[PDB]
Amino acid sequence: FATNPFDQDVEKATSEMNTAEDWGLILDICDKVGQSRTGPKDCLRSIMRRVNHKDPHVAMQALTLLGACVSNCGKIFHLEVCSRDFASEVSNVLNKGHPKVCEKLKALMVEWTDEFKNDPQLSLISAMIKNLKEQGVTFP
């Protein structure tokens with residue numbers, strides 16, 4: 001019965017009508033995440049639904065929103081991204097996704113492992129990279 005409070009803003013920020021992702025709507029999303037206990041998880045789940053959209057223009061906009069949340073929301077968001085739920089969502093996107101979408105998601109992962117390298121609680125992204133490399137996936 002419950003609706004995700006991020007769904008509406010995430011849709012406008014990543015609309016197919018947009019020439020590019022709306023940054024004003026991105027920063028408002030980042031600020032909103034930090035206002036509630038469930039903000040990080042609610043937002044990440046909403047983002048991943050848009051990353052899974054049929055139109056790659058929508059999926060590309062969603063990945064820049066994902067990157068902005070990891071950049072601006074701090075450890076609380078990094079912990080959400082460091083989950084089995086995200087790892088499942090990553091392999092589901094890489095197996096069905098457009099090459100342009102796969103390129104961007106894998107690029108973000110390489111950036112995150114470098115950013116998370118000094119935190120042992122944030123090792124999951126590096127573990128996902130190693131696991132995907134065993135399956136023959138390349139990470140430039």
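Charging the Cβ of each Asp and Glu at -1 and of each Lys and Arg at +1, and nothing else, the dipole of the chain about its Cα centre rounds to 420 debye.
With springs connecting C-alpha atoms under 10 Å apart, model the chain as a Gaussian network and identify which of 74, 39, 24 has the largest mean-square fluctuation. Fluctuation is largest for 24. For the set 32/104; 75/130; 41/106; 96/117; 12/106, the pairs lying more than 27 angstrom apart at their alpha carbons are 96/117.
Taking 41 Å as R0, compute the FRET efficiency from the Cβ-Cβ separation of residue 8 and residue 130 and round it to 0.05. So the FRET efficiency works out to roughly 0.65. Helical content alone sets the calculated 222 nm signal of the chain at -21500 deg cm²/dmol, taking -39,500 (n - 2.57) per DSSP H segment of four or more residues and averaging over every residue. Shape descriptor for region 8-50: Rg over Rh equals 0.98 (Cα atoms; Rh from the Kirkwood inverse mean 1/r). Remark: spin-label model distance residue 85-residue 98 equals 2.7 nm, labels positioned 7 Å along the Cα→Cβ axis. Taking a ≥ b ≥ c as the square roots of the eigenvalues of the alpha carbon gyration tensor, the chain is oblate, as a/c is not under 1.5 and a/b does not beat b/c. What is the Cα centroid distance between region 79-111 and region 11-35, reported in whole angstrom? Between the Cα centre of region 79-111 and that of region 11-35, the gap is 20 Å.
With ideal geometry, Cβ positions are generated from the backbone for all residues, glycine too; neighbour counts draw on all protein chains shown. Quick note: the coordinates plus some simple rules give every number you see, no bench work behind them.
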